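> Okay, here's the structure, questions in a sec.
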Amino acid sequence: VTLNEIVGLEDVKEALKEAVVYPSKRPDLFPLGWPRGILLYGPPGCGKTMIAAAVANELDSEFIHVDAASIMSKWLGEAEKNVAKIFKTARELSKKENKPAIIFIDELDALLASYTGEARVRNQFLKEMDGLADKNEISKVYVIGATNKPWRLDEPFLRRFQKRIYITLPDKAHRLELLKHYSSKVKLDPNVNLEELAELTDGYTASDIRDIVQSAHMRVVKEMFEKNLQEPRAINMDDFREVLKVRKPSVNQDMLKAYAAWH
Ligand SMILES: Nc1ncnc2c1ncn2[C@@H]1O[C@H](COP(=O)(O)OP(=O)(O)O)[C@@H](O)[C@H]1O
C-alpha cells in the first residue's frame with residue numbers, strides 16, 4: 001500500500017513526509033530536532049491506517065502494525081508488558097537494520113480504557129514515548145497513533161504527540177474523486193452524474209463511498225444472477241438513489257462536531 005493509492009490527503013501526505021521521511025533521510029538537516037509522535041485523529045474509514053502504511057512503505061522503513069485493543073488484557077501486568085515488548089522490538093529492528101522503525105498504533109484510546117487502576121498502562125506508554133526523544137537513544141523509532149475518539153485521550157497523553165493531524169470527512173471535491181476512483185472499476189450508464197452523487201454524499205466517509213459503489217454494483221450483479229444472465233446491465237443513477245435511501249453515513253450528527261470541537 002503506497003501514497004499514490006490514496007485519493008486525497010495531499011496536505012496530510014505532505015505533513016507526514018515532513019515529520020517522518022525527511023528527518024529519517026536527512027537527520028543533519030533538523031538541528032532543532034523533530035517530534036517522533038504523530039497522532040492521526042478523525043472519523044473512521046477516512047484513511048488513517050491507509051496513510052500510516054503508505055508512508056512506512058514510502059520510506060521502506062521497518063513496520064509494526066498494532067491494534068491497541070489487542071494489547072489490553074483483563075489480567076494485571078500483561079498490558080504494560082505487551083507495551084514494553086513492542087517498543088523493545090521496534091528499537092531492535094531499527095538498530096539491527098540501521099533504519100527507522102514505524103509503529104502504527106490503531107485505536108489508541110484503547111490503552112486508556114478499563115479492562116481490569118488503568119494508569120499503569122498509560123504510564124508505561126508515556127515512558128516509552130519520552131524514551132524515543134532521548135538524545136542518547138541510538139534507535140530511530142517513530143510512533144504514529146490513530147483514534148476516532150480523541151476526546152478519550154487525556155492531555156498528558158496528547159503531549160507526547162507533538163504533531164496532531166485531523167483527518168476529516170471528505171469535502172464535495174474529495175467525495176467526487178473518491179467517486180471517480182471507485183466507480184472507474186465498474187460499468188456506468190451515461191445518465192450517471194458523479195457531480196450530483198458528490199453532493200448527495202455529504203456526511204459520508206471514504207469507505208462509506210466505496211461501500212455505496214459496491215452496493216450499487218451489487219444491484220446489477222444481483223439482477224443478472226436471479227435471471228441467469230451472462231453479464232449485468234450498467235449502473236444507473238437510480239441504482240445510487242436506491243442505495244442512498246437505505247445507507248446512511250457511518251458518522252452521525254453530533255460525532256461530526258465532537259470532532260470539530262476537539263479539533
Ligand atoms: N483517501 C482515501 N483514498 C482511497 N481509499 C480510502 C481513502 N480513505 C479511506 N479509504 C478506504 O477506506 C478503507 C478504510 O480506511 P482506513 O485507512 O482503515 O480508515 P481509518 O484508518 O481512518 O479508520 C480503506 O481500505 C480504503 O478502502
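Residue numbering restarts at 1 for every chain of the C-alpha cells, chains are lettered A, B, ... in their displayed order, and ligands are numbered from 1 as they appear.
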Could you name the residues that touch segment 16-25 of chain A at 10 Å or less, counting only C-alpha atoms, but leaving out those on the same chain fewer than 5 positions away, as a list in words?
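The residues satisfying every condition are residues 11, 30, 33, 34, 35, 36, 37, 38, 51, 52, 55, 56, 58, 59, 60, 61, 99, 100, 101, 102, 140, 141, 142, 143, 144, 163 and 165 of chain A.
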> Under the rule of at most 10 Å, produce a per-residue listing of segment 35-103 of chain A near segment 245-256 of chain A: chain, number, name, the closest pair of atoms, and the distance in Å, as a Markdown table, using only C-alpha atoms.

| residue | atom | partner | partner_atom | distance |
| --- | --- | --- | --- | --- |
| A:42 | CA | A:256 | CA | 8.9 |
| A:43 | CA | A:251 | CA | 7.0 |
| A:44 | CA | A:250 | CA | 8.1 |
| A:45 | CA | A:250 | CA | 8.6 |
> Can you write just those residues out, N, CA and C atoms, as a CSV table (one decimal), in the first residue's frame?

chain,number,residue,atom,x,y,z
A,42,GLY,N,-9.8,11.6,13.9
A,42,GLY,CA,-10.9,11.8,13.0
A,42,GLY,C,-11.9,10.6,12.9
A,43,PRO,N,-12.9,10.7,12.0
A,43,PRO,CA,-13.9,9.7,11.8
A,43,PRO,C,-13.2,8.4,11.2
A,44,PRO,N,-13.8,7.3,11.5
A,44,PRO,CA,-13.3,6.0,11.0
A,44,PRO,C,-13.6,5.9,9.5
A,45,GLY,N,-12.8,5.1,8.8
A,45,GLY,CA,-12.9,5.0,7.4
A,45,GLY,C,-12.5,6.2,6.6
> Using only C-alpha atoms and all ligand atoms, find each protein or nucleic acid residue lying at most 7 Å from ligand 1; present the set as a PyMOL selection string.
chain A and resi 5-9+43-51+178+206-207+210
> So that each row is one residue of segment 105-178 of chain A with an atom at most 9 Å from segment 68-72 of chain A, can you give its shortest atom pair and the distance in Å to one decimal, using only C-alpha atoms, rows by chain and rising number, as a tab-separated table?

residue	atom	partner	partner_atom	distance
A:105	CA	A:68	CA	6.1
A:106	CA	A:68	CA	5.9
A:107	CA	A:68	CA	5.5
A:108	CA	A:68	CA	5.6
A:109	CA	A:68	CA	7.7
A:110	CA	A:69	CA	5.3
A:111	CA	A:68	CA	6.1
A:113	CA	A:72	CA	8.8
A:115	CA	A:72	CA	7.1
A:121	CA	A:72	CA	8.7
> Write a file of the selected residues as a tab-separated table (two decimals), in the first residue's frame, keeping N, CA and C atoms.

chain	number	residue	atom	x	y	z
A	105	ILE	N	-0.07	2.53	15.81
A	105	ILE	CA	-0.94	2.06	16.84
A	105	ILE	C	-2.33	2.59	16.58
A	106	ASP	N	-3.22	1.67	16.26
A	106	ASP	CA	-4.55	1.94	15.86
A	106	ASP	C	-5.37	1.88	17.12
A	107	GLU	N	-6.50	2.55	17.13
A	107	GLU	CA	-7.40	2.52	18.30
A	107	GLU	C	-6.69	2.91	19.59
A	108	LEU	N	-5.96	4.01	19.49
A	108	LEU	CA	-5.01	4.40	20.50
A	108	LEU	C	-5.67	4.60	21.86
A	109	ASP	N	-6.88	5.11	21.83
A	109	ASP	CA	-7.68	5.39	23.04
A	109	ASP	C	-7.92	4.15	23.87
A	110	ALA	N	-7.85	2.98	23.22
A	110	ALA	CA	-7.98	1.72	23.95
A	110	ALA	C	-7.01	1.58	25.11
A	111	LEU	N	-5.82	2.16	25.01
A	111	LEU	CA	-4.83	1.99	26.08
A	111	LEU	C	-5.36	2.57	27.37
A	113	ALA	N	-8.55	2.60	28.36
A	113	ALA	CA	-9.85	2.06	28.82
A	113	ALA	C	-9.67	1.08	29.96
A	115	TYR	N	-10.16	-2.44	31.46
A	115	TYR	CA	-10.33	-3.87	31.23
A	115	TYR	C	-10.27	-4.65	32.53
A	121	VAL	N	-0.86	1.18	32.53
A	121	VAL	CA	-0.61	1.02	31.09
A	121	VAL	C	-0.23	2.38	30.48
> Just want the 9 Å neighbourhood of residue 202 of chain A, counted on only C-alpha atoms, with same-chain residues fewer than 3 positions away dropped. Output as a list in words.
residues 169, 170, 171, 172, 175, 198, 199, 205 and 249 of chain A
> Selection from above, C-alpha atoms, as a CSV table (one decimal), in the first residue's frame, can you write it?

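Output file out-v1.csv follows:
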chain,number,residue,atom,x,y,z
A,169,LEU,CA,-15.0,13.8,6.3
A,170,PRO,CA,-14.3,14.2,2.6
A,171,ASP,CA,-15.4,17.5,1.1
A,172,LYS,CA,-17.6,17.7,-2.0
A,175,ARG,CA,-16.0,12.8,-2.5
A,198,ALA,CA,-20.8,14.0,-4.8
A,199,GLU,CA,-23.4,16.4,-3.5
A,205,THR,CA,-16.8,8.8,4.7
A,249,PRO,CA,-23.4,7.8,6.9
> Which is closer to residue 86 of chain A than all the others in A:66, A:54, A:112, A:29, using only C-alpha atoms?
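For residue 86 of chain A, the nearest of the candidates is A:66.
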> Out of A:138, A:209, A:133, A:76, which residue has the shortest atom-to-atom distance to residue 114 of chain A when counting only C-alpha atoms?
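Using only C-alpha atoms, residue 114 of chain A sits closest to A:76.
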> Quick one: distance from atom CA of residue 32 of chain A to atom CA of residue 15 of chain A in Å, one decimal?
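Between atom CA of residue 32 of chain A and atom CA of residue 15 of chain A the gap works out to 17.1 Å.
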> Rank A:197, A:179, A:79, A:167 by their smallest atom-to-atom distance to residue 119 of chain A, using only C-alpha atoms, and report the top residue only.
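With only C-alpha atoms as the atom set, the closest residue is A:79.
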> Let me make sure I understand: among A:233, A:122, A:227, A:241, which one has the smallest atom-to-atom distance to residue 153 of chain A if we use only C-alpha atoms?
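For residue 153 of chain A, the nearest of the given residues is A:122.
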> What is the distance, in Å and to one decimal place, between atom CA of residue 188 of chain A and atom CA of residue 234 of chain A?
5.0 Å
> Would you please extract all strand (DSSP E or B) residues from segment 94-252 of chain A, as assigned by DSSP on the backbone, and give them as a VMD selection string?
chain A and resid 101 to 106 141 to 147 163 to 166 188 235
> Would you output that residue set with C-alpha atoms, as a PDB file, in the first residue's frame?

ATOM      1  CA  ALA A 101      11.146   1.679  12.635  1.00  0.00           C
ATOM      2  CA  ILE A 102       7.494   2.797  12.485  1.00  0.00           C
ATOM      3  CA  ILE A 103       4.949   1.578  14.946  1.00  0.00           C
ATOM      4  CA  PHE A 104       1.404   2.278  13.895  1.00  0.00           C
ATOM      5  CA  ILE A 105      -0.944   2.063  16.837  1.00  0.00           C
ATOM      6  CA  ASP A 106      -4.554   1.944  15.860  1.00  0.00           C
ATOM      7  CA  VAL A 141      11.751   4.878  16.255  1.00  0.00           C
ATOM      8  CA  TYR A 142       8.568   6.746  15.307  1.00  0.00           C
ATOM      9  CA  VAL A 143       5.079   6.256  16.637  1.00  0.00           C
ATOM     10  CA  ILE A 144       2.039   7.033  14.582  1.00  0.00           C
ATOM     11  CA  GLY A 145      -1.156   6.712  16.589  1.00  0.00           C
ATOM     12  CA  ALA A 146      -4.783   6.763  15.331  1.00  0.00           C
ATOM     13  CA  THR A 147      -8.055   7.296  17.059  1.00  0.00           C
ATOM     14  CA  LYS A 163       2.202  16.520  15.588  1.00  0.00           C
ATOM     15  CA  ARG A 164      -1.568  16.127  15.503  1.00  0.00           C
ATOM     16  CA  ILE A 165      -3.455  15.868  12.232  1.00  0.00           C
ATOM     17  CA  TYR A 166      -7.259  15.978  11.868  1.00  0.00           C
ATOM     18  CA  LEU A 188     -21.776   3.059 -15.595  1.00  0.00           C
ATOM     19  CA  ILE A 235     -25.297   1.004 -13.156  1.00  0.00           C
TER      20      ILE A 235
END
> Extract the full set of helix (DSSP H, G or I) residues from segment 121-154 of chain A according to DSSP on the backbone, and format it as a list in words.
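Restricting segment 121-154 of chain A to helix (DSSP H, G or I) produces residues 121, 122, 123, 124, 125, 126, 127, 128, 129, 130, 131, 132, 133, 150, 151 and 152 of chain A.
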> Write to file, as a CSV table (one decimal), in the first residue's frame, the residues of the selection just made, with N, CA and C atoms.

chain,number,residue,atom,x,y,z
A,121,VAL,N,-0.9,1.2,32.5
A,121,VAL,CA,-0.6,1.0,31.1
A,121,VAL,C,-0.2,2.4,30.5
A,122,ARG,N,-1.0,3.4,30.9
A,122,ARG,CA,-0.7,4.8,30.5
A,122,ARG,C,0.7,5.1,30.8
A,123,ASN,N,1.1,4.9,32.0
A,123,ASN,CA,2.4,5.4,32.4
A,123,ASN,C,3.6,4.7,31.7
A,124,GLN,N,3.4,3.4,31.4
A,124,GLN,CA,4.4,2.7,30.7
A,124,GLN,C,4.5,3.3,29.2
A,125,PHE,N,3.3,3.4,28.6
A,125,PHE,CA,3.3,4.0,27.3
A,125,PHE,C,3.9,5.4,27.2
A,126,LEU,N,3.6,6.2,28.2
A,126,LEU,CA,4.2,7.6,28.3
A,126,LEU,C,5.7,7.6,28.4
A,127,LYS,N,6.2,6.7,29.2
A,127,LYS,CA,7.6,6.5,29.4
A,127,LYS,C,8.3,6.0,28.1
A,128,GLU,N,7.7,5.1,27.4
A,128,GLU,CA,8.3,4.7,26.1
A,128,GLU,C,8.4,5.8,25.2
A,129,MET,N,7.3,6.6,25.1
A,129,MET,CA,7.3,7.8,24.2
A,129,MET,C,8.4,8.8,24.5
A,130,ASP,N,8.5,9.2,25.8
A,130,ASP,CA,9.6,10.1,26.2
A,130,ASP,C,10.9,9.4,25.9
A,131,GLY,N,11.0,8.1,26.1
A,131,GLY,CA,12.2,7.4,25.7
A,131,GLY,C,12.7,7.6,24.3
A,132,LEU,N,11.7,7.8,23.4
A,132,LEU,CA,12.1,7.9,21.9
A,132,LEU,C,12.9,9.2,21.7
A,133,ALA,N,12.5,10.2,22.4
A,133,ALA,CA,13.1,11.6,22.3
A,133,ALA,C,14.5,11.6,22.8
A,150,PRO,N,-10.8,11.1,19.9
A,150,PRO,CA,-9.7,11.8,20.6
A,150,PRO,C,-10.0,12.3,21.9
A,151,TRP,N,-11.2,12.8,22.1
A,151,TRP,CA,-11.7,13.2,23.5
A,151,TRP,C,-11.5,12.1,24.5
A,152,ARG,N,-11.3,10.9,24.2
A,152,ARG,CA,-10.9,9.9,25.2
A,152,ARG,C,-9.4,9.9,25.6
> Taking into account only C-alpha atoms, which residue in the set A:148, A:136, A:214, A:2 is nearest to residue 57 of chain A?
A:2
> Ranking A:90, A:237, A:229, A:39 by minimum distance to residue 194 of chain A and counting only C-alpha atoms, which one comes first?
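Smallest separation from residue 194 of chain A among the options: A:237.
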> Separation of atom CA of residue 236 of chain A and atom CA of residue 191 of chain A, in Å?
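Between atom CA of residue 236 of chain A and atom CA of residue 191 of chain A the gap works out to 6.4 Å.
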